[PDB]
Amino acid sequence: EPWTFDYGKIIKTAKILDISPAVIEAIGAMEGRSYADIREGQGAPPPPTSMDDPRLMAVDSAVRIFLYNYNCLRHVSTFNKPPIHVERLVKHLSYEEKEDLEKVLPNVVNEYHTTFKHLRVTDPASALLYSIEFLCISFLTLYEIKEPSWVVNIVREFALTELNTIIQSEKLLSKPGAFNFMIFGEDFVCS
Amino acid sequence: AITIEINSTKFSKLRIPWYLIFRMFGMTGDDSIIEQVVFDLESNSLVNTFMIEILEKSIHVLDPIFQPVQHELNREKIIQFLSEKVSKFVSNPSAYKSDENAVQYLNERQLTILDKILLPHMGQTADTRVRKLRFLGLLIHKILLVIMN
Amino acid sequence: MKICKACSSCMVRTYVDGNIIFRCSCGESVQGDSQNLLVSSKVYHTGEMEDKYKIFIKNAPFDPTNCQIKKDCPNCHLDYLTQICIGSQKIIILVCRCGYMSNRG
Amino acid sequence: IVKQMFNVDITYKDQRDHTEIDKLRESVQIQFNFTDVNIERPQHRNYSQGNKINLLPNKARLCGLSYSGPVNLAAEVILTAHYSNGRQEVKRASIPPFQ
Ligand SMILES: [Zn+2]
Ligand SMILES: [Zn+2]
């Protein structure tokens with residue numbers, strides 16, 4: 001099946017995350033800009049032109065994080081002890097209900113890894129857009145879960161927590177604003 | 001294990017696992033790292049088999065020092081950990097974390113440092129980081145070829 | 001080498017109990033049938049004279065510094081051939097710029 | 001080496017609190033760079049108050065002097081004052097070529 005960039009998914013993600021659509025698009029390109037510039041869409045770097053553009057790898061790391069931690073939520077029962085981010089979530093469910101997460105939660109990776117590699121080589125410009133679109137597509141696929149009733153609340157909290165964690169960490173690579181340099185306990189600070 | 005140590009102005013006698021340096025620049029997928037080293041995961045050969053198995057062994061080795069960020073797939077967390085470990089003048093490891101702008105300053109400074117210190121002949125700009133990863137994989141491939149006698 | 005279909009991470013082997021079941025850091029399992037049972041292997045006097053010198057043999061007729069001998073090439077009938085000695089076995093290979101390879105190497 | 005490689009961006013965090021602005025401020029960013037450098041031929045002060053007449057190699061060898069050429073430098077200094085509440089006061093100075 002052919003593929004084409006569906007820009008509608010990005011805007012829908014922006015509203016649910018109450019952040020500007022340019023913040024979604026600028027994932028992997030926050031370096032060299034302040035956070036205020038990110039949301040304004042100011043100084044957006046041109047779309048990648050080569051397969052060796054670090055932005056393509058940067059966005060793919062974000063998509064991997066979502067899939068990596070989602071599988072932790074998918075397979076909480078398999079862990080000897082679940083990770084902290086998912087411990088907060090499924091702390092109130094039983095072991096039998098924990099084992100139910102594996103079957104109930106749909107498999108969302110599909111063929112991202114195989115699709116990304118071909119696109120990263122053939123079309124570096126579209127590789128960035130596909131990865132961002134896929135990150136947003138999976139988010140609404142998680143967020144639009146409707147049944148069973150218990151899994152709606154668990155998944156909805158995780159999906160909001162994950163991308164905001166992704167965005168915040170992505171935001172943390174942007175330019176730093178004014179702050180008190182004394183927070184590092186020494187006499188000097190360098191660059 | 002296959003540890004990569006960078007000795008320059010800002011770094012000294014600090015040994016980093018190779019996959020950590022690779023996934024510091026994105027590309028956190030192990031498939032991509034193994035492809036960068038052995039250049040192909042789909043042509044079997046006898047050389048690629050050995051390199052693949054030993055890179056697996058290196059990936060799964062637990063080092064004592066970089067334990068918190070060894071299994072982490074989050075680029076920002078690893079960049080922070082290395083900046084905390086390698087940058088001087090930061091004595092408080094917990095006080096600075098509660099300030100977002102201090103975190104951002106450390107991350108940006110560390111990224112600039114790694115841009116200027118890791119294979120500078122390959123480039124000194126952030127857009128040349130993936131080709132730096134390719135070159136580092138080539139170096140690891142050459143060393144592992146030499147191991148085969 | 002097993003890579004996670006979702007995490008793209010290397011999976012441990014975990015031989016429990018009568019079968020081979022790969023496990024990722026994300027908790028996914030994929031198991032393994034038949035062709036996954038090769039734990040380790042070693043073949044003696046193999047991996048030598050095929051993979052170590054393939055590029056060198058291919059480029060040898062074009063190397064100015066390689067020794068050459070007076071011997072007719074069966075294919076292109078050039079009066080000279082490129083003589084090659086590899087290994088502690090001292091295997092002599094005659095190669096030509098036409099691709100003739102003496103069927104040895 | 002002097003221009004491209006010798007760039008300084010060092011920040012100090014004082015504790016001086018003798019004025020309201022002094023208390024409001026605990027930081028200072030010292031930043032400077034050189035764009036001028038030239039080694040000229042050796043000179044010698046003939047009578048400790050001369051015009052630095054030329055120093056020939058045999059004079060250096062005989063008198064134990066060093067056959068060294070003076071280094072002339074010019075630097076641009078940028079001083080930035082960092083306060084709380086995001087304020088940022090910058091003082092810029094350009095230094096004449098000094099030796
Ligand atoms: Zn996995
Ligand atoms: Zn021939």
# chains A, B, ... in the order shown; residues from 1 in each chain; ligands from 1
call {"tool": "interface_residues", "arguments": {"of": "chain C", "to": "chain B", "cutoff": "7 Å", "atoms": "only C-alpha atoms", "output": "JSON, numbers by chain"}}
result
{"C": [1, 3, 8, 9, 10, 47]}
call {"tool": "select_by_dssp", "arguments": {"residues": "chain A", "states": "strand (DSSP E or B)", "output": "PyMOL selection string"}}
result
chain A and resi 34+175+188-190
call {"tool": "residues_near_ligand", "arguments": {"ligand": "ligand 2", "cutoff": "10 Å", "atoms": "only C-alpha atoms and all ligand atoms", "output": "list in words"}}
result
residues 61, 72, 73, 74, 75, 76, 77, 78, 79, 80, 81, 82, 94, 95, 96, 97, 98, 99, 100 and 101 of chain C
call {"tool": "residues_near_ligand", "arguments": {"ligand": "ligand 1", "cutoff": "8 Å", "atoms": "only C-alpha atoms and all ligand atoms", "output": "PDB file with N, CA and C atoms, in the first residue's frame"}}
result
ATOM      1  N   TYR A  68       9.249   1.282  22.799  1.00  0.00           N
ATOM      2  CA  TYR A  68       9.961   0.544  23.838  1.00  0.00           C
ATOM      3  C   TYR A  68       9.173   0.528  25.140  1.00  0.00           C
ATOM      4  N   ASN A  71       5.693  -1.398  24.985  1.00  0.00           N
ATOM      5  CA  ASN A  71       5.843  -2.833  25.187  1.00  0.00           C
ATOM      6  C   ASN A  71       6.027  -3.172  26.659  1.00  0.00           C
TER       7      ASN A  71
ATOM      8  N   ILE C   3      16.817  -9.589  16.867  1.00  0.00           N
ATOM      9  CA  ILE C   3      16.493  -8.199  17.157  1.00  0.00           C
ATOM     10  C   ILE C   3      14.998  -8.092  17.420  1.00  0.00           C
ATOM     11  N   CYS C   4      14.640  -7.275  18.407  1.00  0.00           N
ATOM     12  CA  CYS C   4      13.244  -7.121  18.785  1.00  0.00           C
ATOM     13  C   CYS C   4      12.474  -6.442  17.663  1.00  0.00           C
ATOM     14  N   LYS C   5      11.311  -6.995  17.324  1.00  0.00           N
ATOM     15  CA  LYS C   5      10.526  -6.428  16.236  1.00  0.00           C
ATOM     16  C   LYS C   5       9.967  -5.059  16.599  1.00  0.00           C
ATOM     17  N   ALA C   6       9.823  -4.772  17.891  1.00  0.00           N
ATOM     18  CA  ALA C   6       9.285  -3.498  18.346  1.00  0.00           C
ATOM     19  C   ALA C   6      10.345  -2.558  18.896  1.00  0.00           C
ATOM     20  N   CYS C   7      11.309  -3.071  19.657  1.00  0.00           N
ATOM     21  CA  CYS C   7      12.345  -2.241  20.251  1.00  0.00           C
ATOM     22  C   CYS C   7      13.614  -2.163  19.418  1.00  0.00           C
ATOM     23  N   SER C   8      13.810  -3.081  18.473  1.00  0.00           N
ATOM     24  CA  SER C   8      15.041  -3.170  17.690  1.00  0.00           C
ATOM     25  C   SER C   8      16.254  -3.267  18.611  1.00  0.00           C
ATOM     26  N   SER C   9      16.153  -4.164  19.585  1.00  0.00           N
ATOM     27  CA  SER C   9      17.192  -4.376  20.577  1.00  0.00           C
ATOM     28  C   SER C   9      17.616  -5.835  20.563  1.00  0.00           C
ATOM     29  N   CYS C  10      18.860  -6.075  20.964  1.00  0.00           N
ATOM     30  CA  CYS C  10      19.378  -7.433  21.020  1.00  0.00           C
ATOM     31  C   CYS C  10      18.727  -8.193  22.168  1.00  0.00           C
ATOM     32  N   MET C  11      18.305  -9.423  21.891  1.00  0.00           N
ATOM     33  CA  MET C  11      17.545 -10.233  22.832  1.00  0.00           C
ATOM     34  C   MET C  11      18.426 -11.345  23.387  1.00  0.00           C
ATOM     35  N   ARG C  23      14.340 -13.186  24.669  1.00  0.00           N
ATOM     36  CA  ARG C  23      13.659 -12.196  25.488  1.00  0.00           C
ATOM     37  C   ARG C  23      14.336 -10.846  25.327  1.00  0.00           C
ATOM     38  N   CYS C  24      13.531  -9.806  25.142  1.00  0.00           N
ATOM     39  CA  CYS C  24      14.026  -8.444  25.010  1.00  0.00           C
ATOM     40  C   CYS C  24      13.918  -7.707  26.339  1.00  0.00           C
ATOM     41  N   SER C  25      14.575  -6.547  26.406  1.00  0.00           N
ATOM     42  CA  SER C  25      14.455  -5.700  27.585  1.00  0.00           C
ATOM     43  C   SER C  25      13.051  -5.134  27.742  1.00  0.00           C
ATOM     44  N   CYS C  26      12.260  -5.129  26.673  1.00  0.00           N
ATOM     45  CA  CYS C  26      10.880  -4.673  26.708  1.00  0.00           C
ATOM     46  C   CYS C  26       9.916  -5.768  27.148  1.00  0.00           C
ATOM     47  N   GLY C  27      10.424  -6.957  27.462  1.00  0.00           N
ATOM     48  CA  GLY C  27       9.594  -8.051  27.906  1.00  0.00           C
ATOM     49  C   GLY C  27       9.021  -8.911  26.806  1.00  0.00           C
ATOM     50  N   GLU C  28       9.202  -8.537  25.544  1.00  0.00           N
ATOM     51  CA  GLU C  28       8.686  -9.343  24.449  1.00  0.00           C
ATOM     52  C   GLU C  28       9.479 -10.635  24.313  1.00  0.00           C
TER      53      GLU C  28
END
call {"tool": "interface_residues", "arguments": {"of": "chain B", "to": "chain A", "cutoff": "10 Å", "atoms": "only C-alpha atoms", "output": "PyMOL selection string"}}
result
chain B and resi 23-29+31-32+72-77+79-80+87-113+126-134
call {"tool": "atom_distance", "arguments": {"atom1": "CA of residue 58 in chain C", "atom2": "CA of residue 43 in chain B"}}
result
19.6 Å
call {"tool": "select_by_dssp", "arguments": {"residues": "range 8-159 of chain A", "states": "helix (DSSP H, G or I)", "output": "VMD selection string"}}
result
chain A and resid 8 to 16 21 to 25 35 to 40 54 to 74 84 to 87 90 to 92 95 to 104 112 to 122 124 to 143 149 to 159
call {"tool": "interface_residues", "arguments": {"of": "chain D", "to": "chain B", "cutoff": "12 Å", "atoms": "only C-alpha atoms", "output": "list in words"}}
result
residues 5, 9, 10, 11, 12, 13 and 86 of chain D
call {"tool": "interface_residues", "arguments": {"of": "chain D", "to": "chain A", "cutoff": "12 Å", "atoms": "only C-alpha atoms", "output": "list in words"}}
result
residues 7, 8, 9, 10, 11, 12, 13, 14, 15, 24, 25, 26, 27, 28, 29, 30, 31, 81, 82, 83, 84, 85, 86, 87 and 88 of chain D
call {"tool": "write_last_selection", "arguments": {"atoms": "C-alpha atoms", "output": "PDB file, in the first residue's frame"}}
result
ATOM      1  CA  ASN D   7      38.470  31.807  22.623  1.00  0.00           C
ATOM      2  CA  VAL D   8      37.424  32.336  26.243  1.00  0.00           C
ATOM      3  CA  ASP D   9      33.889  32.012  27.654  1.00  0.00           C
ATOM      4  CA  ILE D  10      34.242  31.791  31.446  1.00  0.00           C
ATOM      5  CA  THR D  11      31.509  32.643  33.957  1.00  0.00           C
ATOM      6  CA  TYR D  12      32.120  33.618  37.586  1.00  0.00           C
ATOM      7  CA  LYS D  13      29.605  33.650  40.431  1.00  0.00           C
ATOM      8  CA  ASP D  14      30.546  36.237  43.048  1.00  0.00           C
ATOM      9  CA  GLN D  15      29.319  36.642  46.612  1.00  0.00           C
ATOM     10  CA  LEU D  24      20.598  40.906  43.013  1.00  0.00           C
ATOM     11  CA  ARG D  25      23.588  39.732  40.935  1.00  0.00           C
ATOM     12  CA  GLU D  26      25.467  36.494  41.561  1.00  0.00           C
ATOM     13  CA  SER D  27      27.087  35.786  38.172  1.00  0.00           C
ATOM     14  CA  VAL D  28      29.471  37.308  35.617  1.00  0.00           C
ATOM     15  CA  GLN D  29      30.416  36.001  32.164  1.00  0.00           C
ATOM     16  CA  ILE D  30      33.949  36.870  31.052  1.00  0.00           C
ATOM     17  CA  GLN D  31      34.305  36.446  27.291  1.00  0.00           C
ATOM     18  CA  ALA D  81      26.647  40.806  33.902  1.00  0.00           C
ATOM     19  CA  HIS D  82      24.059  38.196  34.879  1.00  0.00           C
ATOM     20  CA  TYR D  83      21.354  39.042  37.411  1.00  0.00           C
ATOM     21  CA  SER D  84      18.299  37.262  38.696  1.00  0.00           C
ATOM     22  CA  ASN D  85      14.907  37.673  36.975  1.00  0.00           C
ATOM     23  CA  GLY D  86      16.624  37.238  33.599  1.00  0.00           C
ATOM     24  CA  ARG D  87      18.421  40.579  33.325  1.00  0.00           C
ATOM     25  CA  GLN D  88      21.648  40.744  31.325  1.00  0.00           C
TER      26      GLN D  88
END
call {"tool": "atom_distance", "arguments": {"atom1": "CA of residue 11 in chain A", "atom2": "CA of residue 135 in chain A"}}
result
12.5 Å
call {"tool": "interface_residues", "arguments": {"of": "chain A", "to": "chain C", "cutoff": "10 Å", "atoms": "only C-alpha atoms", "output": "list in words"}}
result
residues 63, 64, 65, 66, 67, 68, 69, 70, 71, 72, 73, 74, 75, 76, 77, 78, 79, 80, 82, 83, 102, 107, 108, 109, 110, 111, 112, 113 and 114 of chain A
call {"tool": "write_last_selection", "arguments": {"atoms": "N, CA and C atoms", "output": "PDB file, in the first residue's frame"}}
result
ATOM      1  N   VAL A  63      10.522   7.756  18.265  1.00  0.00           N
ATOM      2  CA  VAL A  63       9.547   6.716  17.953  1.00  0.00           C
ATOM      3  C   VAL A  63       9.907   5.417  18.658  1.00  0.00           C
ATOM      4  N   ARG A  64      11.202   5.119  18.767  1.00  0.00           N
ATOM      5  CA  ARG A  64      11.628   3.922  19.483  1.00  0.00           C
ATOM      6  C   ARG A  64      11.244   3.992  20.952  1.00  0.00           C
ATOM      7  N   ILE A  65      11.401   5.165  21.568  1.00  0.00           N
ATOM      8  CA  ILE A  65      11.080   5.321  22.985  1.00  0.00           C
ATOM      9  C   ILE A  65       9.614   5.004  23.234  1.00  0.00           C
ATOM     10  N   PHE A  66       8.733   5.513  22.373  1.00  0.00           N
ATOM     11  CA  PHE A  66       7.310   5.241  22.519  1.00  0.00           C
ATOM     12  C   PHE A  66       7.027   3.750  22.405  1.00  0.00           C
ATOM     13  N   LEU A  67       7.624   3.094  21.409  1.00  0.00           N
ATOM     14  CA  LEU A  67       7.412   1.661  21.238  1.00  0.00           C
ATOM     15  C   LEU A  67       8.061   0.864  22.360  1.00  0.00           C
ATOM     16  N   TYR A  68       9.249   1.282  22.799  1.00  0.00           N
ATOM     17  CA  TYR A  68       9.961   0.544  23.838  1.00  0.00           C
ATOM     18  C   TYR A  68       9.173   0.528  25.140  1.00  0.00           C
ATOM     19  N   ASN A  69       8.686   1.693  25.571  1.00  0.00           N
ATOM     20  CA  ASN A  69       7.954   1.761  26.829  1.00  0.00           C
ATOM     21  C   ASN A  69       6.535   1.228  26.698  1.00  0.00           C
ATOM     22  N   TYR A  70       5.933   1.336  25.511  1.00  0.00           N
ATOM     23  CA  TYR A  70       4.609   0.760  25.313  1.00  0.00           C
ATOM     24  C   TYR A  70       4.644  -0.748  25.493  1.00  0.00           C
ATOM     25  N   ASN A  71       5.693  -1.398  24.985  1.00  0.00           N
ATOM     26  CA  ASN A  71       5.843  -2.833  25.187  1.00  0.00           C
ATOM     27  C   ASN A  71       6.027  -3.172  26.659  1.00  0.00           C
ATOM     28  N   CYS A  72       6.650  -2.277  27.429  1.00  0.00           N
ATOM     29  CA  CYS A  72       6.701  -2.467  28.873  1.00  0.00           C
ATOM     30  C   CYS A  72       5.300  -2.465  29.468  1.00  0.00           C
ATOM     31  N   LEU A  73       4.453  -1.532  29.026  1.00  0.00           N
ATOM     32  CA  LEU A  73       3.059  -1.525  29.450  1.00  0.00           C
ATOM     33  C   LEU A  73       2.292  -2.707  28.869  1.00  0.00           C
ATOM     34  N   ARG A  74       2.666  -3.168  27.676  1.00  0.00           N
ATOM     35  CA  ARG A  74       2.011  -4.339  27.107  1.00  0.00           C
ATOM     36  C   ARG A  74       2.319  -5.588  27.920  1.00  0.00           C
ATOM     37  N   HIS A  75       3.565  -5.738  28.362  1.00  0.00           N
ATOM     38  CA  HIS A  75       4.046  -6.960  29.000  1.00  0.00           C
ATOM     39  C   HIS A  75       4.462  -6.727  30.450  1.00  0.00           C
ATOM     40  N   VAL A  76       3.641  -6.003  31.215  1.00  0.00           N
ATOM     41  CA  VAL A  76       3.965  -5.747  32.616  1.00  0.00           C
ATOM     42  C   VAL A  76       4.066  -7.048  33.397  1.00  0.00           C
ATOM     43  N   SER A  77       3.237  -8.038  33.058  1.00  0.00           N
ATOM     44  CA  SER A  77       3.254  -9.300  33.787  1.00  0.00           C
ATOM     45  C   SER A  77       4.540 -10.081  33.545  1.00  0.00           C
ATOM     46  N   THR A  78       5.176  -9.888  32.388  1.00  0.00           N
ATOM     47  CA  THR A  78       6.394 -10.622  32.067  1.00  0.00           C
ATOM     48  C   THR A  78       7.604 -10.137  32.854  1.00  0.00           C
ATOM     49  N   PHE A  79       7.639  -8.863  33.235  1.00  0.00           N
ATOM     50  CA  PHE A  79       8.767  -8.337  33.988  1.00  0.00           C
ATOM     51  C   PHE A  79       8.884  -9.022  35.343  1.00  0.00           C
ATOM     52  N   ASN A  80      10.127  -9.185  35.800  1.00  0.00           N
ATOM     53  CA  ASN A  80      10.348  -9.538  37.196  1.00  0.00           C
ATOM     54  C   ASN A  80       9.848  -8.424  38.105  1.00  0.00           C
ATOM     55  N   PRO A  82       8.247  -4.355  37.190  1.00  0.00           N
ATOM     56  CA  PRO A  82       7.998  -3.402  36.097  1.00  0.00           C
ATOM     57  C   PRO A  82       8.769  -2.112  36.300  1.00  0.00           C
ATOM     58  N   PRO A  83       9.082  -1.394  35.224  1.00  0.00           N
ATOM     59  CA  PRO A  83       9.808  -0.124  35.365  1.00  0.00           C
ATOM     60  C   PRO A  83       8.954   0.939  36.042  1.00  0.00           C
ATOM     61  N   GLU A 102      -1.448  -7.922  27.806  1.00  0.00           N
ATOM     62  CA  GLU A 102      -0.746  -8.420  26.627  1.00  0.00           C
ATOM     63  C   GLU A 102      -1.709  -8.665  25.471  1.00  0.00           C
ATOM     64  N   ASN A 107      -1.266  -4.390  18.918  1.00  0.00           N
ATOM     65  CA  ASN A 107       0.104  -4.255  18.440  1.00  0.00           C
ATOM     66  C   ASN A 107       0.168  -3.071  17.483  1.00  0.00           C
ATOM     67  N   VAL A 108       0.947  -2.053  17.841  1.00  0.00           N
ATOM     68  CA  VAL A 108       0.906  -0.771  17.146  1.00  0.00           C
ATOM     69  C   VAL A 108       2.154  -0.500  16.316  1.00  0.00           C
ATOM     70  N   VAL A 109       3.237  -1.256  16.508  1.00  0.00           N
ATOM     71  CA  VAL A 109       4.451  -0.993  15.739  1.00  0.00           C
ATOM     72  C   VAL A 109       4.215  -1.240  14.256  1.00  0.00           C
ATOM     73  N   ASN A 110       3.388  -2.230  13.919  1.00  0.00           N
ATOM     74  CA  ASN A 110       3.110  -2.591  12.536  1.00  0.00           C
ATOM     75  C   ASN A 110       4.405  -2.889  11.792  1.00  0.00           C
ATOM     76  N   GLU A 111       4.800  -2.001  10.886  1.00  0.00           N
ATOM     77  CA  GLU A 111       6.018  -2.192  10.110  1.00  0.00           C
ATOM     78  C   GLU A 111       6.818  -0.901  10.051  1.00  0.00           C
ATOM     79  N   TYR A 112       6.893  -0.190  11.176  1.00  0.00           N
ATOM     80  CA  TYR A 112       7.612   1.078  11.200  1.00  0.00           C
ATOM     81  C   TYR A 112       9.095   0.881  10.914  1.00  0.00           C
ATOM     82  N   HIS A 113       9.707  -0.125  11.542  1.00  0.00           N
ATOM     83  CA  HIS A 113      11.147  -0.315  11.404  1.00  0.00           C
ATOM     84  C   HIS A 113      11.527  -0.667   9.973  1.00  0.00           C
ATOM     85  N   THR A 114      10.744  -1.530   9.325  1.00  0.00           N
ATOM     86  CA  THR A 114      11.034  -1.879   7.939  1.00  0.00           C
ATOM     87  C   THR A 114      10.735  -0.716   7.003  1.00  0.00           C
TER      88      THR A 114
END
call {"tool": "atom_distance", "arguments": {"atom1": "CA of residue 142 in chain B", "atom2": "CA of residue 51 in chain C"}}
result
14.4 Å
call {"tool": "residues_around", "arguments": {"residues": "residue 136 in chain A", "least_positions_apart": "5", "cutoff": "9 Å", "atoms": "only C-alpha atoms", "output": "NGL selection string"}}
result
:A and (9-10 or 12-13 or 24 or 131 or 141)
call {"tool": "residues_around", "arguments": {"residues": "range 143-155 of chain A", "least_positions_apart": "2", "cutoff": "9 Å", "atoms": "only C-alpha atoms", "output": "list in words"}}
result
residues 73, 89, 90, 101, 104, 105, 138, 139, 140, 141, 157, 158, 159 and 160 of chain A
call {"tool": "write_last_selection", "arguments": {"atoms": "C-alpha atoms", "output": "PDB file, in the first residue's frame"}}
result
ATOM      1  CA  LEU A  73       3.059  -1.525  29.450  1.00  0.00           C
ATOM      2  CA  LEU A  89       0.211   3.115  35.979  1.00  0.00           C
ATOM      3  CA  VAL A  90      -0.634  -0.512  36.719  1.00  0.00           C
ATOM      4  CA  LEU A 101      -2.738  -6.282  29.073  1.00  0.00           C
ATOM      5  CA  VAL A 104      -6.022  -6.612  24.983  1.00  0.00           C
ATOM      6  CA  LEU A 105      -3.536  -3.905  24.006  1.00  0.00           C
ATOM      7  CA  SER A 138       0.230   5.585  17.257  1.00  0.00           C
ATOM      8  CA  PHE A 139      -0.561   8.244  19.871  1.00  0.00           C
ATOM      9  CA  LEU A 140      -4.127   8.699  18.652  1.00  0.00           C
ATOM     10  CA  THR A 141      -4.400   4.949  18.092  1.00  0.00           C
ATOM     11  CA  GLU A 157      -2.636   8.355  30.930  1.00  0.00           C
ATOM     12  CA  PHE A 158       0.372   6.525  29.471  1.00  0.00           C
ATOM     13  CA  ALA A 159      -0.008   8.035  25.997  1.00  0.00           C
ATOM     14  CA  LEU A 160      -0.203  11.579  27.374  1.00  0.00           C
TER      15      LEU A 160
END
call {"tool": "residues_around", "arguments": {"residues": "residue 43 in chain D", "least_positions_apart": "3", "cutoff": "9 Å", "atoms": "only C-alpha atoms", "output": "number ranges by chain"}}
result
D: 40, 51-56, 67-70
call {"tool": "write_last_selection", "arguments": {"atoms": "N, CA, C and O atoms", "output": "PDB file, in the first residue's frame"}}
result
ATOM      1  N   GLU D  40      57.305  40.474  15.187  1.00  0.00           N
ATOM      2  CA  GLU D  40      58.251  41.288  14.442  1.00  0.00           C
ATOM      3  C   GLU D  40      59.671  40.974  14.896  1.00  0.00           C
ATOM      4  O   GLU D  40      59.896  40.281  15.889  1.00  0.00           O
ATOM      5  N   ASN D  51      64.830  53.583  21.589  1.00  0.00           N
ATOM      6  CA  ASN D  51      63.699  53.270  20.725  1.00  0.00           C
ATOM      7  C   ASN D  51      63.731  51.828  20.228  1.00  0.00           C
ATOM      8  O   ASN D  51      63.224  51.537  19.139  1.00  0.00           O
ATOM      9  N   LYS D  52      64.320  50.920  21.009  1.00  0.00           N
ATOM     10  CA  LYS D  52      64.375  49.493  20.692  1.00  0.00           C
ATOM     11  C   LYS D  52      65.056  49.256  19.340  1.00  0.00           C
ATOM     12  O   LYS D  52      64.448  48.822  18.361  1.00  0.00           O
ATOM     13  N   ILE D  53      66.352  49.574  19.319  1.00  0.00           N
ATOM     14  CA  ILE D  53      67.147  49.349  18.119  1.00  0.00           C
ATOM     15  C   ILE D  53      67.228  47.852  17.819  1.00  0.00           C
ATOM     16  O   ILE D  53      66.961  46.998  18.673  1.00  0.00           O
ATOM     17  N   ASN D  54      67.604  47.538  16.579  1.00  0.00           N
ATOM     18  CA  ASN D  54      67.622  46.156  16.118  1.00  0.00           C
ATOM     19  C   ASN D  54      68.612  45.320  16.920  1.00  0.00           C
ATOM     20  O   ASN D  54      69.684  45.788  17.311  1.00  0.00           O
ATOM     21  N   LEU D  55      68.240  44.065  17.160  1.00  0.00           N
ATOM     22  CA  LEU D  55      69.065  43.108  17.889  1.00  0.00           C
ATOM     23  C   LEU D  55      69.595  42.079  16.899  1.00  0.00           C
ATOM     24  O   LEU D  55      68.830  41.265  16.376  1.00  0.00           O
ATOM     25  N   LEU D  56      70.893  42.112  16.645  1.00  0.00           N
ATOM     26  CA  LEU D  56      71.482  41.174  15.704  1.00  0.00           C
ATOM     27  C   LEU D  56      71.907  39.888  16.416  1.00  0.00           C
ATOM     28  O   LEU D  56      72.199  39.903  17.614  1.00  0.00           O
ATOM     29  N   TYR D  67      67.405  35.785  21.199  1.00  0.00           N
ATOM     30  CA  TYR D  67      67.019  36.271  19.877  1.00  0.00           C
ATOM     31  C   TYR D  67      65.531  35.987  19.673  1.00  0.00           C
ATOM     32  O   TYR D  67      65.123  35.064  18.966  1.00  0.00           O
ATOM     33  N   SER D  68      64.714  36.804  20.330  1.00  0.00           N
ATOM     34  CA  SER D  68      63.270  36.626  20.346  1.00  0.00           C
ATOM     35  C   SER D  68      62.583  37.865  19.796  1.00  0.00           C
ATOM     36  O   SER D  68      62.983  38.994  20.093  1.00  0.00           O
ATOM     37  N   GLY D  69      61.545  37.644  18.996  1.00  0.00           N
ATOM     38  CA  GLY D  69      60.771  38.722  18.435  1.00  0.00           C
ATOM     39  C   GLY D  69      59.519  38.997  19.239  1.00  0.00           C
ATOM     40  O   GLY D  69      58.807  38.080  19.658  1.00  0.00           O
ATOM     41  N   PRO D  70      59.227  40.275  19.469  1.00  0.00           N
ATOM     42  CA  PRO D  70      58.084  40.631  20.317  1.00  0.00           C
ATOM     43  C   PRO D  70      56.753  40.231  19.704  1.00  0.00           C
ATOM     44  O   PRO D  70      56.577  40.217  18.484  1.00  0.00           O
TER      45      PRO D  70
END
